[PDB]
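Before any questions on binding or motion, here is one chain by itself as C-alpha cells, the form deposited in one PDB entry.
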C-alpha cells in the first residue's frame, strides 16, 4: 500500500527554493491553479515538468560558461546548459533542465570562477540573471542557453569552464513561470487542479533571501509537496487504486486531528475551506494515509 514518510513539515525541504519548509497554510485569495514546474510528481512516482529527485538541484543549473567584457554592460556570462549530473541537456518534453527555476524575477547566482587578474585564482563570483518576465534578456533554457551579467569597471579575466549556479537572492520575485524559450511554446506540467467546490490547495511555504525595500515582508514561495514527499513517490513504486488518498494531519505526541485532506494522485493536496483569507497550521504534525477515496469524496471542513 501507499504510505508517507514520517517527517514533520518543519523538518522537510522546500521543492521550489532550496530552504527549509517554514509554513503550512491555505489561502484562497492566491491563484487557485498554479503552474509550478518543480515539486510536481504523481503518487505513482511519475515526475512532471522540471521536477528533480534531489533537493540540491532546485532553483539551480549547470553549464559550460563563456565570459566576455562589454563596456557599458560589464561582465556577461553565456551559460550553455547541461543537466546537473553532467549529462548532456537535450531539448525534450519539459521546459528546461531538471531543477531550473520555475518563478520570475532577477536571481543573484554564484558560480565557481577562475581568473588570471592577480589575487585569488579560483574564487566564487556573483552574477545577476533575469528569469522573467519577457522584454529582458531573451532567455532560452529550453534550447540550452541563458545569460547573466554583473557591473564591472573592466574585464574580470574569467576562464571559460563548467559551473553549477546556485541561488543567492531574488529581486522583483513573482510566482509566474519564467521565460523558458524566448516567447516560444514549451511543454509544461499542467495547472494544479481540479478542485471540488469548497476545496483549496494546501501550500508548503518557505521564505527567499531577497533584495527589497527596508519595510518589505519576508518573500513567501509555496509548493504542493515538500521535496521529501517528491523523492518518496519517485523512489517508491506504488500502485494507484483510485483518484485520491484521504490524509489526516495529526499531532505527533497526542494523535489529535489538526485537519483531513485529499492527496489527488496527480500530486497536489486539497482541504475543504470556506474562509476568504489565509489559515495557517502547526508545522510539527505528521500526515497519515487513511484510504483510497474517489474524486467526489467530501472532506470535513476546517
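Numbering follows the first chain given and starts at 1. For the two forms, the rigid core is made up of the largest set of C-alpha atoms that agree within 1.5 Å on superposition. Only residues modelled in both forms are compared.
FYI, the form deposited in another entry isn't displayed, but the following is about it.
Engineer: So which one of 80, 155, 169, 115 actually moves, Cα shift of 2 Å or more between the shown form and the other one once the core is superposed?
Structural biologist: By this measure, the answer is 115.
Engineer: Does residue 212 move its CA by 2 angstroms or more between the shown form and the other one when the core is aligned?
Structural biologist: Residue 212 C-alpha, core-superposed: shift of 2 Å or more.
Engineer: Are residue 62 and residue 121 closer or farther apart at the Cα level in the other entry than shown, by 3 Å or more?
Structural biologist: Between the C-alphas of residue 121 and residue 62, the gap narrows in the other entry (3 Å or more compared with this form).
Engineer: Since the C-alpha distance between residue 216 and residue 30 changes by 3 Å or more in the other entry, give its direction relative to the shown form: closer or farther.
Structural biologist: Compared with the shown chain, residue 216-residue 30 is farther in the other entry.
Engineer: Which consecutive stretches of at least 3 residues differ between the shown form and the other one by 2 Å or more at every CA, rigid core held fixed, listed in sequence order?
Structural biologist: When the rigid core is held fixed, residues 113 to 123, 212 to 218 are the runs that shift.
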